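A single chain comes next, written as structure tokens; it is the form deposited in one PDB entry.
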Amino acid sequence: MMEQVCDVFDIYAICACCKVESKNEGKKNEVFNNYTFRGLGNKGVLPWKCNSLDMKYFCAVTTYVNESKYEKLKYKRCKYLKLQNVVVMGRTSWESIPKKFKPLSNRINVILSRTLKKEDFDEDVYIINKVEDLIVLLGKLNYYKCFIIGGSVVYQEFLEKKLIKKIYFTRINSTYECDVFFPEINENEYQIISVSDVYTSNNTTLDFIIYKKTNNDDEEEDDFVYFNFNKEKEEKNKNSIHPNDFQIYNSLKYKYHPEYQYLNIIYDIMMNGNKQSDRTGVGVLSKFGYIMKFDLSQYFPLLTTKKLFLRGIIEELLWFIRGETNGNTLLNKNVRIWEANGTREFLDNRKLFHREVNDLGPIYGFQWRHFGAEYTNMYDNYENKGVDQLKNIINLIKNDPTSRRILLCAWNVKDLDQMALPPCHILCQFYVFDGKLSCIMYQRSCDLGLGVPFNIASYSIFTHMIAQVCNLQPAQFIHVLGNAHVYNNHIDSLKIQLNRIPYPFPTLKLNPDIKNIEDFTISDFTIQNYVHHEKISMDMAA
């Protein structure tokens, strides 16, 4: 006994909005939200011109029909009063459509206009006079679903009339000039229930999310239940971790966005992690073994559910490449990532009494460029001492790309004790095929709340660097987690974070001129179109 039209006639909306350039601030924005993506059109045309991928989506969604499911619909459409779908649109829009493709192939075409006269058009192409008019027309017709493909004005009113069931919203992650925008969706009316994978098309990233109106053969089916007869009736920390804490996170239907690979792990550890001791005093929840994969050819996996800064980690990466072990080099650039591990107190607890403060010992950088060399102090000359692994893996990539020995290992067993701290990131393995570079990095200890996000970005950038100086395109960054833990003092922050819906990922642009791994400088890196949620202090006590 549903008294709602949009729900009976299956009236959906579908669009694609890009970011709009604020004459006040410019491209680099200070705050974001769903209303960030609102650019609809410009000069009677699309802000971008052609988005080969979004186009394929538009078509696929509006031309898709499931005939074996139709009767159920008609049964109720007639009760309330070659199958195809219905595509409503405003005059202006219908006009911006190129002749050869108009009217839309395999669609029901209906133009909501008051100047257009039935005659001018053929029986096929319909023409309505107003909102209410449509509804009736849908009665005297046979269709699967009805899609409002624009324009702005049509969207605007239809949202007021509350005649929209769902909104297929495409987020174009780039800025363009616009003159017409999509209505600010009221989060009390419509809410995101699905977010797709992230892609790159026409030199820009984009994704697809779904807005849903807030309501406020068989033999093998039982065999599935049988095989589950021994499944857990409950979760370890299910109690300690409440449910109304993740209603949004758990309200989503399809979470294909890559960021969920990180978020889902957070969830698993909060719901099933093992409670353990920790020298730091506080406790943690830990699990053993996880995998995340990012397609660097489609996006740069910099988290968006919170804010992340990259200057620090890029400088750290350049510091590694130079083979330095001098913490002062980072402190003088205000990169305090290693400061705690280079203090008098920290070095002494490691029993390195004869080590100068900030002399981190034979860590990463030294192992990458001098594995095997005898470590004296951070100021010594190590030219041509030890094994230059970095150089070697680059030559392997260039001259023997099919090798299965392209590894960069920082876990020098003989030098662990001499290190301020043993490496968390154990090694890197590279793989090359059809001019593409993928990288696997094994991490023995992973702090999901604070370190992992930076760890992801760090190696993604590194894969980009190695690829460029080898004339390859980055492909996959595979992150293998050993001990994965969440600090108890981060649980509250992570709960907030798991309920934030990801924005399409940004992209990484490297100065194309740099051709040798050793020539990169801080200015040679640029993160573009990074749309993100607000900063979150994992440690809320400060």
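Note that residue numbering begins at 1 and tracks the sequence as displayed. Only residues modelled in both forms are compared. Take the two forms, find the largest set of C-alpha atoms that superpose within 1.5 Å, and that set is the rigid core.
A second form of this protein, the form deposited in another entry, is not displayed here; the remarks below concern that form.
Chemist: Using the rigid core as the fixed frame, list which single one of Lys385, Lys238, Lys275, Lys74 shifts its Cα by at least 2 angstroms between this form and the one not shown.
Modeler: By this measure, the answer is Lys238.
Chemist: A 3 angstroms or greater change in CA distance between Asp447 and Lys236 is reported in the other form. Closer or farther than in this form?
Modeler: Farther apart, which means the C-alphas of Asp447 and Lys236 are at least 3 Å more distant in the other form.
Chemist: Work out the direction of the Cα-Cα change for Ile269 and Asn239 in the other form: closer or farther than in this form? It's 3 angstroms or more.
Modeler: Note: Cα gap between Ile269 and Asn239 shrinks in the other form.
Chemist: If I superpose on the rigid core and flag every C-alpha moving 2 Å or more, which consecutive runs of 3+ residues come out between this form and the one not shown, in sequence order?
Modeler: Run with every C-alpha shifted by at least 2 Å: 232-239, nothing else.
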